[PDB]
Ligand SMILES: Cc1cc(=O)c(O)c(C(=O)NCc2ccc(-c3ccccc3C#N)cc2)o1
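One chain comes next, on its own, written out as structure tokens in the form solved without this ligand.
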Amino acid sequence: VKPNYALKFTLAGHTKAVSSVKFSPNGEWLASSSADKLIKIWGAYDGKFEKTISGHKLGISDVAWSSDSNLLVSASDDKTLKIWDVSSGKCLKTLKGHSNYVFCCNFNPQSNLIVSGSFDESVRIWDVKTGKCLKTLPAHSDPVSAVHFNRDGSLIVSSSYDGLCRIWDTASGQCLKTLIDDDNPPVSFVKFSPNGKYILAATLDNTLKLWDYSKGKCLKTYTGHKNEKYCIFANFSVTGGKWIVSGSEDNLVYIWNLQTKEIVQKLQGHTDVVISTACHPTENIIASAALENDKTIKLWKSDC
């Protein structure tokens, strides 16, 4: 049965483009990052402003939660990542090493490691406790648009404008597999699926694809949206109907049926590119965020 996501709250406060929103694993909070150099924390269910976290010298392209909902990591144009204690709002560590904008980041499930991708075309693996880089992977031949650990942290998937998705062995940093397209469009986002066996990849030819990791081939293709210019997050929605969720450059949130690939909803309201969406871990709630003409985050709820 098709979802009926409806706008419940609009979250204002950032002063430039929002870049990324993420729900805490415990379901309590939403974190947002922005080109305004700030991270903001909001109540996950009602969008209530909680706090602002500051320290980066330039704008931020991504933020991510640790598994216990206590830490954040952010990726900044200032060429660093920062690890934050959410409760105090203080910077615990500044991760230095990248030679150009840091674009994407994630903790592993154990949350002892952070992975980052940068416009310097590398992927780095960092130790959370020491704040020091463990491995630098010569991952790609163009900017790295996304990085994500699998469900036991043993694998990292990375994507790049070079047209490749690569899967890396976390422990050794060595490449296990490269996912290949003849037509080779820039890859703007990748993420492992909730069951651990698929990878969802966005390409800048208005397409999302679900890849079978084991077989190294595409299973599902999702189209209808607009995506040629920005690295827009995408998600698996699993709390109710099994959907794929993405932002779009026509200012809409798109929701597809994972199995049938049919568009089941388009959420209207934003007035600029929807750069980021996230799905609540237990409730049927979507967060979306938009670029500079809008600069708000919206919370949508569905009955199913």
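One-based numbering along the sequence shown.
The same protein also exists as the form solved in complex with this ligand; that form is not shown, yet it is the one meant from here on.
- Heavy atoms within 4.5 Å of this ligand in the deposited bound form map, among the stretches 66-74, 255-263, 41-49, 24-32, onto 255-263 alone.
- The closest heavy atom approach of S193 to this ligand in the deposited bound form falls within 4.5 Å.
- Under a 4.5 angstroms non-hydrogen atom cutoff, this ligand in the deposited bound form lacks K132 among its neighbouring residues.
- Contact between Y198 and this ligand in the deposited bound form is found at the 4.5 Å heavy atom cutoff.
- Mapping the unseen interface onto this chain, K242 counts among the residues with a heavy atom inside 4.5 Å of this ligand in the deposited bound form.
- Using a 4.5 angstroms heavy atom cutoff to this ligand in the deposited bound form, none of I125, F149 and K177 count as contacting.
- Distance criterion of 4.5 Å from any heavy atom to this ligand in the deposited bound form singles out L210 from the list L92, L137, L210, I167.
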